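**Student:** this one's structure only:
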Ligand SMILES: N#Cc1ccc2c(Oc3ccc(OS(=O)(=O)F)cc3OCCn3ccc(=O)[nH]c3=O)cccc2c1
């Protein structure tokens, strides 16, 4: 209230709210006048009526009853008209990144907004009105002197005010760490508990001298702290308990929520999968349609139910002991990783899924990238990696891949399933091997096609195909040539699509034809694919 | 000194770009730099009434062991300078590309001595970020002409023209062009004569108050020629790759004779070159020797650079504005024994291509980079030694044409 206000202007070229006050019951009016004089007594709202053309609606309701009503203001029309602000806490600190302090205290700040002043020349826009009997008698008109409840500027201005009030106490107390969140302070120190409590009292007094009230009893409940869907214990952190429901039918909404809770749990519970269980969601965006659970998704839900039966915790961060991430392959495009500093307790866990004909080494590389980003956010450095791939495998892939790639400091781990390259085409043609001039073709309308080959030895095959596409038959021609050749074969296609897919050296695919082609290319010994214009 | 008023494009609102997360090391370097800057008036802390933001980074310019702040003013440049290439433009000399040597002097410190219009400072906001979202982030705005902003050298050019006038009088053959923070200085001297002249310009700038802390040769053989392989013996698959390359070039060059060369043998079988075949091959090498037709630089459309990784540290690039109408092609290759990697090479190549583009047209190109977006966004600063930043975007379908540009 001696706090320096922040200057606030309206969006350029707008006036203030001139909204209708749709009257309500007289009892609501009485409760509003009670709370309005009690709020004027504290100087939060002063009553000036005559020359203010602005107005904003006011309602009354009871939700959490101390035998009292409560007043609220629909500030939508005003919020739409005030300038933008610097945004907010744009996300949450992750518990894995906090550093253990010998004590932490939580301080809920009281009527936080109502005890921070509003810029003077702006107050006229907060003006509101109380009617007496449906305009038979005039009503009383007020404006705000403080940050109104639910106005666009209140959070960021309150953050700025609180930061400024804190920095004198912060500078006379460098042994103490204060973190801000919407209404709370979190104070951590490595001071002996008596000293820590003396400092917490000093801070409370400091804040009280600026109009900010604070829990006078024993402060917010001792650890563990239930905060932002987490559980924070003096030496560990975990997620709040996650209970998956058992039901007969599932709407798209229920699977959305189940996939969500499983993702949340995946940050500390190692092994959770969401692949076959959100394959159900891609169908459409229809909200209440009931989806039949597949058999894969049923096993997945059970498998998560089991790996979730026993609780798991994570530790906090020690900056003196180095940072390690270790990666494992799971299955159908699914990977998991653990980030730790020591071998029995993770800082956190996590999973990577593929989005879009794919390749295991490229996928591992994308996993290393996702982890590297997260590490930089949470801790501000990058981990040393433990990867199930060999230096020659990786050196071979990245020296040949068409994109540039950064390969951080990594050490190989011999936990299967290892990541390998399963075949490599020849760079030059093969002398002594048969040459297959393959081609294929479909018809866009009849959905009938052919695939075939002509070889230099005079061998020729043509196989008919139903329900195919030009690209499908283009790959089927290559598959025919692989099926009918020896262990060394040159293949010649005129299909850019085919040569692209196959030259990408994929390992698996959501297409059975390419899988059979892959199993052939593994079975063969030397295969030189080559391309000519159509 | 009064401030030049800056009223950005009508209806345009200020930059609101998110700030990348950074290493602790770089956050600390930024805090140090910015604390000295605030102590010297160049920037001031801001409040929530200022909603704008503009990314910042920590780099090490010119191989120094001390850090350097780099503001990414691309968004603000599009939002202001698109009416400050018009109202306050710097004309680009068409002869700088023709001098035999060109040195690049950094003259950025200059801008820090000129105040910036108060009504404009709001839009130069930037956040030093915290780790793990732990603290709000430190919020500054500029009170002096910021480096990286395209309006700074615009505003300063009167001063720069005046400072440079005695040198330009003493040396009327030398070309001097100011791109954002650097003078490019071109001459036709012997390399030692050129170095002497450049140090004279350094001392002339210094004795007028401009502190300044690696030569180009733009007789650089503009769009490079593609060559067909030359061999004693020609195989079936050699004929195949030759035909296929020559058909791709039908998109750029019109007159490639094809049929005489297109006439079920095995791939490894050596087919002798026909008289008609060698005839078509000679006619085609000749029709490739000459440069392209209809290829002129349009100054209304933007420039586009494409880069391909060639293995063994080699990278090809083309600069164009219409497909196959290449304005400039070339080839970059890092040091033979140096310890370098993919992203290092990509970054030095982007920088080299951008410097060439400045010398030649006074504009930078938009790059289509062969790299995963998140990888580049993470690692591009580690080797970035330049003060400007070109626009870019990421390719994810490969060229199944790779050799065709090698
Ligand atoms: N409601 C609520 C709530 C409570 C506390 C929070 C919180 O405490 C801390 C503040 C500064 C700290 O200092 S620092 O980050 O190293 F500079 C370290 C901190 O708690 C991390 C270690 N921890 C945690 C709990 C514990 O019992 N014991 C312990 O050890 C941080 C973030 C959000 C918080 C939210």
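**Tutor:** Perfect, thanks for sending it. Numbering: from 1, shown residues only, chains lettered A, B, ... in the order given.

**Student:** now the residue of chain B found nearest the ligand: how far from residue A:235?
**Tutor:** Nearest residue of chain B to the ligand, counting by Cβ to the nearest ligand atom: residue B:134, 6.2 Å away. For every residue, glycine as well, the C-beta is placed using N, CA and C. Residue B:134 is 20 Å from residue A:235, where distance means Cβ to Cβ, to the nearest Å.

**Student:** which of those two has more residues huddled nearby?
**Tutor:** residue B:134 (15 against 10; other Cβ atoms under 10 Å in any protein chain shown).

**Student:** isn't the more buried one up against residue A:93?
**Tutor:** Yes - between residue B:134 and residue A:93 there is a contact under Cβ atoms under 8 Å: 5.3 Å.

**Student:** what do these two both touch?
**Tutor:** Contact with both residue B:134 and residue A:93 is made by residues residue A:179, according to Cβ atoms under 8 Å, 6 or more residues apart in numbering or on different chains.

**Student:** in stretch B:66-73, what counts as buried?
**Tutor:** For stretch B:66-73, a neighbour-count test (16 or more other Cβ atoms under 10 Å in any protein chain shown) marks B:67-73 as buried.

**Student:** and stretch A:19-31, by the same measure?
**Tutor:** A:19, A:23, A:28-29, A:31.

**Student:** from these, pick the one nearest chain B.
**Tutor:** Set against chain B, the nearest of the buried residues of stretch A:19-31 by Cβ to the nearest Cβ is residue A:19 (24.6 Å).

**Student:** quick one: the closest one from the ligand, how far?
**Tutor:** Using Cβ to the nearest ligand atom, to the nearest Å, we find residue A:19 at a distance of 37 Å from the ligand.

**Student:** then residue A:379?
**Tutor:** Taken as Cβ to the nearest ligand atom, the span from residue A:379 to the ligand is 11 Å.

**Student:** in what helix or strand does the residue minimising distance to the centre of chain B lie?
**Tutor:** For chain B, residue B:354 is the residue whose C-alpha lies nearest the centre (Cα atoms, centre = their mean; 1.8 Å). Per DSSP states H and E: residue B:354 is located in helix B:342-361.

**Student:** and chain A, is that helix touching that?
**Tutor:** Yes - applying Cβ under 8 Å from any Cβ of the partner chain, one finds helix B:342-361 in contact with chain A at B:342-343, B:345-346.

**Student:** got JSON lines for those residues, with neighbour count and distance to residue A:478 too?
**Tutor:** Listed next are the residues of helix B:342-361 next to chain A as JSON lines, based on neighbours: other Cβ atoms under 10 Å in any protein chain shown; distance: Cβ to Cβ, whole Å:
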{"residue": "B:342", "neighbour count": "22", "distance to residue A:478": "31"}
{"residue": "B:343", "neighbour count": "20", "distance to residue A:478": "35"}
{"residue": "B:345", "neighbour count": "21", "distance to residue A:478": "34"}
{"residue": "B:346", "neighbour count": "27", "distance to residue A:478": "33"}
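
**Student:** can you pick out the most distant pair from these?
**Tutor:** Greatest spacing in the residues of helix B:342-361 next to chain A, by Cβ to Cβ: B:343 and B:345 (7.3 Å).

**Student:** helices of the stretch 51-200 of chain B, residue ranges please.
**Tutor:** For the stretch 51-200 of chain B, helices defined by DSSP state H, counting those that start in this stretch occupy the ranges B:74-80, B:118-121, B:151-170, B:191-206.

**Student:** what are the buried residues along the longest one?
**Tutor:** It refers to helix B:151-170. Buried, per 16+ other Cβ under 10 Å, within helix B:151-170: B:151-157, B:159-160, B:163-164, B:167.

**Student:** returning to that earlier point: overlap of the contact sets of residue B:343 and residue B:345?
**Tutor:** Common neighbours of residue B:343 and residue B:345 (Cβ under 8 Å, 6+ apart) are residue A:404.

**Student:** residues in contact with the closest residue to residue A:9 other than its chain neighbours?
**Tutor:** Excluding its sequence neighbours, the residue lying closest to residue A:9 (Cβ to Cβ, 6 or more residues apart in numbering or on different chains) is residue A:83, at 5.6 Å. Contacts for residue A:83 were tallied using Cβ under 8 Å, 6+ apart; they are A:8-11, B:49, B:51.

**Student:** please pick the buried ones from these.
**Tutor:** A:8, B:49, B:51.

**Student:** right, and the second one touches residue A:6 too?
**Tutor:** Read it as residue B:49. Yes - checked against Cβ under 8 Å, the pair residue B:49 and residue A:6 is within contact range at 5.6 Å.

**Student:** now do the SS call for the nearest residue to residue B:402 once chain neighbours are set aside.
**Tutor:** Among residues not flanking residue B:402 along the chain, residue B:308 sits closest, at 6.3 Å (Cβ to Cβ, 6+ apart). Here residue B:308 is recorded as strand under DSSP: H, G, I helix; E, B strand; the rest coil.

**Student:** for residue B:308, name its beta-bridge partners.
**Tutor:** residue B:316 (DSSP bridges).

**Student:** how close does it get to residue A:361?
**Tutor:** Applying Cβ to Cβ to residue B:308 and residue A:361 gives a distance of 21 Å.

**Student:** got it, and residue B:241?
**Tutor:** Taking Cβ to Cβ, one finds residue B:241 at 27 Å from residue A:361.

**Student:** any idea where the helices of the stretch 351-500 of chain A begin and end?
**Tutor:** Applying DSSP H, counting those that start in this stretch to the stretch 351-500 of chain A gives helices spanning A:360-379, A:391-400, A:470-483, A:496-503.

**Student:** the third one and chain B, any residue contact?
**Tutor:** No - using Cβ under 8 Å from any Cβ, helix A:470-483 never reaches chain B; the gap is at least 13.1 Å.

**Student:** how distant is that helix from the center of its chain?
**Tutor:** Relative to its chain's centre, helix A:470-483 lies at 41 Å (Cα atoms, centre = their mean, to the nearest Å).

**Student:** quick one: contacts for residue A:99?
**Tutor:** Contacts of residue A:99 by Cβ under 8 Å, 6+ apart are A:316-319.

**Student:** repeat that for residue A:104.
**Tutor:** So residue A:104 contacts A:186-188, A:223, A:225, A:234 (Cβ under 8 Å, 6+ apart).

**Student:** tabulate the helices of the stretch 51-200 of chain B (JSON lines), appending distance to residue A:137.
**Tutor:** As requested, those are arranged in JSON lines below (distance: least, Cβ to Cβ, whole Å):
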{"stretch": "helix B:74-80", "distance to residue A:137": "53"}
{"stretch": "helix B:118-121", "distance to residue A:137": "48"}
{"stretch": "helix B:151-170", "distance to residue A:137": "60"}
{"stretch": "helix B:191-206", "distance to residue A:137": "79"}
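
**Student:** got those as JSON lines, with distance to the ligand columns?
**Tutor:** Shown next, in JSON lines, are those (distance: least, Cβ to the nearest ligand atom, whole Å):
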{"stretch": "helix B:74-80", "distance to the ligand": "32"}
{"stretch": "helix B:118-121", "distance to the ligand": "33"}
{"stretch": "helix B:151-170", "distance to the ligand": "38"}
{"stretch": "helix B:191-206", "distance to the ligand": "46"}
